[PDB]
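Read off the chains here:
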Amino acid sequence: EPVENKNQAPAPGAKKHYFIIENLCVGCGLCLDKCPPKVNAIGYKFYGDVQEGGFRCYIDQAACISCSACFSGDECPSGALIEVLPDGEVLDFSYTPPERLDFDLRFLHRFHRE
Amino acid sequence: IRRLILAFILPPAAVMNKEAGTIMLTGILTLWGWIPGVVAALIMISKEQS
Amino acid sequence: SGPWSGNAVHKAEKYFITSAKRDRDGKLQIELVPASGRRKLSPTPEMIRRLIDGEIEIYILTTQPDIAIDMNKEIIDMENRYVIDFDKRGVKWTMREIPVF
Amino acid sequence: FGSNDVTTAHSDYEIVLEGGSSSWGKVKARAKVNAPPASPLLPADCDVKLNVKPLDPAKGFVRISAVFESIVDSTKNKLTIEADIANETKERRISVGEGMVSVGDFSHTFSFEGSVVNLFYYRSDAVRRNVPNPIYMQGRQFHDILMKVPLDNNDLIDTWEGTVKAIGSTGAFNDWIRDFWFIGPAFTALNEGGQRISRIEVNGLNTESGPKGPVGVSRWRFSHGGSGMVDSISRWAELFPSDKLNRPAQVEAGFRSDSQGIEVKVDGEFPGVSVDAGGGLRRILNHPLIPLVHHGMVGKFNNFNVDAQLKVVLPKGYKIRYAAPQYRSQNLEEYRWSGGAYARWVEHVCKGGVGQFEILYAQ
Amino acid sequence: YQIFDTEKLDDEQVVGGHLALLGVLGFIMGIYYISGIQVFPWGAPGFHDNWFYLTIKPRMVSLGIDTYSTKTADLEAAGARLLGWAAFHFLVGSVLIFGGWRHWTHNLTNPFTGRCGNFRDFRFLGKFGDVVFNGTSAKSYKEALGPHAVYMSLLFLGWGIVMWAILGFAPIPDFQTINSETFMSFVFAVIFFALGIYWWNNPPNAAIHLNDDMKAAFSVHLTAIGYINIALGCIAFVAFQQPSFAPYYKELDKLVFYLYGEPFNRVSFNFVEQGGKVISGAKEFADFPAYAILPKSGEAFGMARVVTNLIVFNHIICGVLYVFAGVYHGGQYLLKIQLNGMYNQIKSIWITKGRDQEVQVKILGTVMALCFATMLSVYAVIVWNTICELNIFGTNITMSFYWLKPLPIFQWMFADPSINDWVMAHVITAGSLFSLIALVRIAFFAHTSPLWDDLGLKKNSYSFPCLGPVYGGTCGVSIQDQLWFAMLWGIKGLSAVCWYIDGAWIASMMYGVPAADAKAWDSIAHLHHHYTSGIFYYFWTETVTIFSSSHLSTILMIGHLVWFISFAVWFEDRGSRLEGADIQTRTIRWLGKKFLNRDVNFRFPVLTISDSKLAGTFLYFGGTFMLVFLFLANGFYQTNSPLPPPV
Ligand code: BCL
Ligand code: BCL
Ligand code: BCL
Ligand code: BCL
Ligand code: BCL
Ligand code: BCL
Ligand code: BCL
Ligand code: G2O
Ligand code: SF4
Ligand SMILES: [Ca+2]
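Deposited coordinates in this entry are attributed by the record to cryo-EM, at a stated resolution of 3.08 Å.

Next comes the structure, spelled out in structure tokens:
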């Protein structure tokens, strides 16, 4: 019994090709600021009457360097900023919340009746 | 009879059956115009359930 | 409770038509993928039911290997508005990166 | 108290009864547990709707329907089953049904004509004569199913081809199939629920033409023996109260499990809640033990304290004599159990306990 | 401004930071105590009166550490007592900062033995932890609540001992003396001991926190402590005006306060400071040395209510700001859990019950409707009272709401119940509702708003100044912007508080004005106390005395500058400022090169819209309330002699 090994655990204490959907861009530019200054692939395209939403965002794929700064920022409010994976799948966000089947739990007697 | 008297002292406790928004409104009513206004709230809602 | 499940900007979960190939010649190569990007699905009849019900929203990108134009059912009377079937409707996302500087 | 890291589980139950000889009951059950579930795909939500209506009262061809919608890790699943069930004999039961199971984009529709024979291992009158409330009844069940699935998608065709290959190429299919369709801890539930499933026997599975294309028709029987723990065997007549079903019965349940807890909501109106013990006394039916043990399989994972309130609403002139554990409150027809012995019993059955709750009530 | 974020710091770092801040605060307390020494222990004259020590002089004299006695004798003793207590605070703060450094650096090694204790596992104080805790909180703030309750029980007990022995106030039940504060110090021990034991054995659960919640728990406790501050302000106002506190707060009026910056004995231009200095010129008031700070009686200054108002408004402003900050930080946590997807996974009423957007919309709509109703009612009452008193449109004061006193069932809260108190209560409710619009927007519409879920947009960055002119403009839609709007809206409720406590007549804008019936309110309403002039004329009356002080005048100018500087950043000007700063950079470049061969290679920085809003709200609040300090520090100037009818 007494013969043992020994040990001490001091726990006890004792490719990417990012794109922008021109349909959904709102021209906020939160992704432009993330683009590296010299790259500046993301640019503004104006149709007219800025308040009517003419201004939009576009990524010049030639200028883009797949640095992921635009998309990884989680800055796109509209979801226009997308990432096409090397095999191919459009990502509107770095991680979308899981889909849920929701219901309001109203108790019977004590807390939230009915 | 328990619900209505508990309401006259604790109206939001009476509307606890109702939605959280109604419960918060009844609590605010206790805070402002305590009893008369909030007692009115509880009696309206409880009589409506009837 | 519905706006906080999935992306809050899409009331109906969005499915991009990423890959489609004419070589298999059946157009089953159409491989829908949700915006989440974790399920390379296919246009099954259940997906058709979801699309007609409005639960989902199938979409097409412009900048891609072409999915199928006039080979996957297409309406060209107006600007093209691709349809899996006349009752279906695949709204094409437009993507103007090449036309603009 | 052993440990201080205890979570909380808040629960409310409601058993409203009907007077007379009726066995009907409105059962509600809300619960909220701040304990991690045991789902490897954790964000698992489900909504079940089981609605049964009576058809052909002479024949008892009552149509039961079930809709299980679910979302598990953002994977949308659904299973719908319609089935005219019928209590042919005291031992036999015959069902003719259809259904549709969908997962994400995949889906397929099936039909079936299945006969279940529940044979008790003994019908001796000594036990019945002496034991007033028999629970552990030893028995066996024989299912004989005739399922049919239109093979529409290539998934179905590939699966059918694989199964046809397997049944003839491997002689141990009847054994390992059990390993298959008791997926994951379900297999454990066989051994710890007192139920032994025998090898299946395929009389014949063979494709045939249908109205929507080829139809894979699988005719197979299997067996399911219960040592007594199995409520689907020991209590067989009480399982199927077709004779006591006149109004439509509906049970809408659901849970909203996630990484932080389980939200549960159940509403129901169905027969079989009240059972005549004898001498005019009635009981809230004996608690099935399979749910208890199968939940205790996921009940003993976290230390918890239960705030459980049961509310029994008996009919107008019905007393509740000998309701042990005893109630805490009473409004002359509405008895509340909360705390004390009842909370201990709730923690007992929320962790696999199969103890008794004898709510004997008078007339 | 985010270097000490909750995420960046762990629990031990927070413990150490709070401990070091307690030590710094003890040093500040010693500084104030020494500032309170009117006469030094060595005999020479001491420091003048500072608001920092005139705020605590009532409490200090309550504890016998200070004295209202006026002879040099026993004031020297009070100064020695204050010096001793300040030295005690200094040394204890040094020890607290040492402990804070050790906890922040995690080097919890005893300097004597070297044993490195574990924040996760540690017996408290030795054997006492074994007797009570039986072992520490292995983890969890929930298991820490009981231990903290026991710690506060020991704090209460220690204060009881200190006041019983050190400060000589034995525990006596009667609540008319400091003695009860000893008695209760023991009472609240047992309570906060027993409850602690309970919460140690039966921990509480709000699963939203406890998990990654330094920000979440911080938000909840900051909102709670803001309401604690508001309650403390109300209690301070009520109690400090009660007779039992008169020996410590009403006796201020009997003293004369030489405060820094007050009027100084002026000297003629032909003045030479040699010897008697009389021959060269004449000082303003003889018998006081030249440039000396002239006495100011507390009777005229009303120092009792001035100090009461300063304490009460300090706690009210701090509490409102803490409520707003708690809602903001809770909104940041809400947005984080919404982005990562935990929002739907929370299983508590504090998050689940408002999960639906319909209930959020209904809540905010009810708040907005109540705000509209109450604001419209109060503003109509006030403007009509102004129309009447000024006799506009042919009206007269008889048509004003002089009859609209608080009901007899609610006049207990108010000494002289009039329309002023009615307008006060309803204005407070309306300002609370207004700020609650923004607070509720933070609480619910942190990641997505019904407009934005319809417009297909989501709020991600929790600080994004906008999303652009899309949809006509998306300015100020982050939770930070809503916090700023909540602060700028609560400015008004807080003002109403200041003006109520300083004696203003907030039921009309022009009370006390020498025009029409503005001076008739006292006769028609049968008021006992002559309220300070109304909302517009209160500025004038209070500035009669603000202008008489060089120091208060300096504050006036500085706070006004700070306030109007806020528009340069809050106004929709950021792009203009950026363009102009590019022009500034080019101007500096070429002008310097022509004037001096050296090149610049430097750019003038322009605040982002997020930082612009941050600084703008900070400046707005700073100016507004640095000037509210003038309102509250001029003097109460509300006499108990009603003004007769104008005719
Ligand atoms: C669960 C334990 C047993 C078992 C016990 C029983 C019993 C007992 C019976 C059947 C019945 C059937 N079984 Mg079986 N069954 C087992 C496994 C199987 C498997 C398999 C997984 O391989 C298959 C294919 C089948 C096939 C079938 C069908 C032939 C038949 C009708 C089902 C249907 O309509 O349900 C429709 C679907 C539902 C009703 C969904 C909910 C199912 C649960 C188990 C019931 C909960 C009831 C709830 C507490 C109260 C509801 C009240 C509402 C008002 C209705 N069983 C296991 C081994 N099965 C019936 C029969 O005899 O048919 C002739 C029957 O009475
Ligand atoms: C080895 C166990 C003991 C025994 C122990 C018990 C106990 C204890 C009880 C009963 C009870 C019963 N016994 Mg017995 N019983 C024995 C022998 C018999 C014989 C016989 C001719 O030998 C018969 C006809 C019976 C008859 C009966 C039933 C009428 C009665 C209720 C049903 C029950 O489940 O039975 C159980 C019957 C069996 C355990 C065995 C029956 C043996 C049969 C007849 C022949 C051999 C079968 C097989 C080859 C080998 C035995 C397998 C065993 C199951 C282990 N017993 C043997 C010697 N029996 C129960 C009671 O009182 O009911 C009111 C009860 O609680
Ligand atoms: C195909 C399935 C079988 C069947 C198999 C079972 C089994 C097995 C059990 C019951 C049980 C009961 N069934 Mg049945 N039963 C069938 C037909 C019916 C019919 C009818 C006239 O058709 C009715 C009205 C009932 C009604 C009832 C009650 C008598 C009893 C539950 C009492 C209680 O209070 O529940 C209150 C229950 C609720 C508060 C919660 C209900 C939760 C959900 C909605 C149902 C369980 C779902 C399960 C865990 C998950 C899916 C299972 C399958 C994998 C699809 N069943 C069919 C023919 N029934 C139980 C009983 O007591 O047996 C003696 C039991 O053990
Ligand atoms: C103004 C309205 C709100 C407010 C709005 C915000 C906003 C907006 C932000 C925070 C942020 C933070 N706030 Mg806050 N918050 C409020 C009240 C509080 C209180 C409190 C007094 O109880 C606390 C403990 C906190 C705590 C915190 C942290 C969780 C976090 C990071 C602070 C730090 O590292 O900044 C580092 C800078 C500080 C130490 C503060 C600045 C003060 C300087 C350093 C003090 C000494 C010098 C001198 C005396 C005074 C300054 C002027 C001089 C001219 C130099 N807030 C007030 C009432 N808070 C930030 C964070 O990252 O959120 C996640 C953030 O963006
Ligand atoms: C009275 C009880 C209040 C409270 C009052 C304060 C105050 C007041 C402050 C903090 C500070 C902090 N609080 Mg706190 N705090 C409470 C409860 C919490 C809880 C919790 C419940 O578990 C948490 C997680 C926190 C979290 C934190 C950290 C963000 C920070 C301590 C780290 C540290 O010092 O960094 C190391 C940083 C240093 C020691 C540098 C400090 C520099 C100067 C001296 C203080 C800077 C801030 C500002 C000037 C203080 C303004 C007060 C206003 C006058 C209203 N608070 C409640 C709500 N807490 C401090 C902080 O950093 O604020 C930004 C701080 O000043
Ligand atoms: C003003 C002093 C500071 C401080 C400064 C120090 C210093 C300095 C050291 C530690 C050490 C430790 N500190 Mg400390 N620490 C403070 C408050 C805390 C708190 C808390 C209750 O919130 C926690 C969680 C801890 C955690 C810890 C432990 C991990 C460790 C002691 C191990 C143990 O078994 O010691 C048993 C005793 C403890 C748990 C200490 C509890 C804190 C007490 C109040 C320290 C008082 C010091 C003071 C000079 C003496 C006055 C005693 C009078 C009775 C008032 N400290 C106090 C408020 N801490 C010590 C060490 O490493 O020990 C091996 C050490 O040398
Ligand atoms: C009441 C005691 C505490 C309190 C304790 C907590 C706790 C604990 C939590 C929050 C949390 C939050 N709090 Mg709080 N909070 C209080 C005061 C406030 C005030 C305020 C100005 O009065 C506001 C605007 C907020 C705002 C917020 C949000 C930032 C956040 C909830 C978001 C959400 O989705 O809610 C959804 C909407 C609701 C649930 C609406 C219904 C309200 C609930 C059911 C309770 C109050 C109503 C009550 C029943 C009224 C009737 C009776 C009266 C008591 C007389 N708190 C006071 C100081 N708060 C959570 C958060 O994430 O913190 C970071 C959290 O964990
Ligand atoms: C004291 C108050 C103010 C200034 C001081 C000032 C100075 C200033 N401003 Mg301003 N401003 C407002 C107040 C003040 N703006 C308000 C209330 C609004 C709301 C509408 C507002 C709005 C805009 C827009 C929209 C734009 C600008 C600019 C722009 C400048 C860049 C170059 C220039 O104008 O120099 C000309 C301006 C001067 C050099 C001013 C001379 C100094 C002084 C005598 C003393 C400074 C006192 C000091 C501020 C107190 C504390 C300092 C210390 C003790 C901590 C620039 C130096 C913009 C440009 O960059 O384009 C030119 C631009 O586009 N504004
Ligand atoms: S005016 Fe300024 S804050 Fe408003 S949307 Fe345009 S850039 Fe943003
Ligand atoms: Ca004043």
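Asks: Help me understand the interface of chain C and chain A in this model?
Replies: Often the size quoted for an interface is simply the accessible area lost on bringing the parts together. Across the boundary between the two partners, chain C contributes 30 residues, which contact 30 residues of chain A. Buried surface at the junction of chain C and chain A, both sides included, amounts to about 2,300 Å², of which 53% is carbon and sulfur. For chain C, the biggest contributors to the area lost against chain A are C:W93, C:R96 and C:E97; these three give 22% of the whole. At the surface where chain C touches chain A, the tally comes to one salt bridge. Note that A:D92 and C:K14 form a salt bridge whose closest N and O atoms lie 3.2 Å from each other. Counting every contact that joins chain C to chain A gives eight residue pairs in polar contact.

Asks: Help me understand the site of ligand 8 in this model?
Replies: All names here are of chain E. Around ligand 8, the neighbouring residues are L561, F564, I565, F567, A568, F571, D573, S576, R577, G580, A581 and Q584. Within the side chain of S576, a nitrogen or oxygen atom sits 2.5 Å from an oxygen atom of ligand 8. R577 is positioned such that a nitrogen or oxygen atom in its backbone is 3.2 Å from an oxygen atom of ligand 8. Of all the secondary-structure elements, those providing two or more residues to the shell around ligand 8 are α19 (550-565), α20 (567-570) and α21 (574-595). If you tally residues by element for the shell around ligand 8, the top one is α21, at five residues.

Asks: How should I be thinking about the site of ligand 3 in this particular structure?
Replies: Residues and elements named next belong to chain D. Residues in contact with ligand 3 amount to 22 residues; listed here are only the nearest, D231, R235, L239, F240 and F270. At 2.6 Å, a side-chain N or O of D231 approaches an oxygen atom of ligand 3. For the shell around ligand 3, the elements supplying multiple residues, two or more each, are β3 (44-53), β4 (62-72), α5 (231-234), β12 (249-256) and β13 (262-270). Looking at side-chain class alone, the shell around ligand 3 contains 17 nonpolar, two polar and three charged residues.

Asks: Help me understand the environment of E:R577 in this model?
Replies: Residues and elements named next belong to chain E. By the secondary structure assignment, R577 is in helix α21. Separated by 332 residues in the primary sequence, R577 and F245 place their C-alpha atoms 54 Å from one another. Residues in contact with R577, not counting those within four places in the same chain, are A568, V569, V606, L607 and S612. A distance of 3.2 Å separates a polar side-chain atom of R577 from the backbone oxygen of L607.

Asks: What exactly am I supposed to notice about the side chain of D:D267 here?
Replies: Residues and elements named next belong to chain D. Within the secondary structure, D267 is located in strand β13. Among the polar contacts listed, one links the side chain of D267 to the side chain of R30, at a separation of 2.5 Å. Leaving out residues up to four positions away in the same chain, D267 has contacts with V27, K28, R30, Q250, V251 and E252.

Asks: Is there a simple way to explain the interface of chain A and chain B in this structure?
Replies: Contacts between chain A and chain B engage five residues on the former and eight residues on the latter. For the chain A and chain B pair, buried surface summed over both sides reaches about 450 Å², with 43% attributable to carbon and sulfur atoms. Considering only the side of chain A, the residues that lose the most area to chain B are A:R106, A:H112 and A:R113, jointly responsible for 79% of the buried surface there. Run the count over chain A and chain B and you get zero salt bridges. In this assembly, chain A and chain B are joined by two residue pairs in polar contact. Split into classes, the residues belonging to the side of chain A that touches chain B amount to one nonpolar, one polar and three charged.

About the criteria used
We count residues from 1 along each chain, following the written sequence rather than the entry's numbering, and we skip any residue without coordinates. As they are written, the chains are lettered A onward and the ligands numbered 1 onward, keeping that order. Part of a larger assembly is shown, with all reported values restricted to the visible chains. Calculated side-chain values reflect all of the structure's heavy atoms, with hydrogen atoms and water omitted. By definition, residues are in contact when any of their heavy atoms lie within 4.5 Å. Simply put, the buried area is the total loss of 1.4 Å probe accessible area from both parts when two parts are fitted together. Any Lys or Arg side-chain nitrogen found within 4 Å of a carboxyl oxygen on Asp or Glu counts as a salt bridge. Side-chain atoms alone can form a polar contact between residues adjacent in sequence; in general such a contact is a pair of N or O atoms within 3.5 Å, and within protein one must be able to donate a hydrogen while the other accepts it. Residue proximity to a molecule or strand is established when one non-hydrogen atom of the residue lies within 4 Å of it. Secondary structure elements follow DSSP: runs of H or I of four or more residues count as helices, runs of E of two or more count as strands, with numbering from the N terminus. Polar here means any residue other than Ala, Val, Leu, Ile, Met, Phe, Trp, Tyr, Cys and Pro, which are nonpolar, and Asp, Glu, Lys and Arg, which are charged; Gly is therefore polar.

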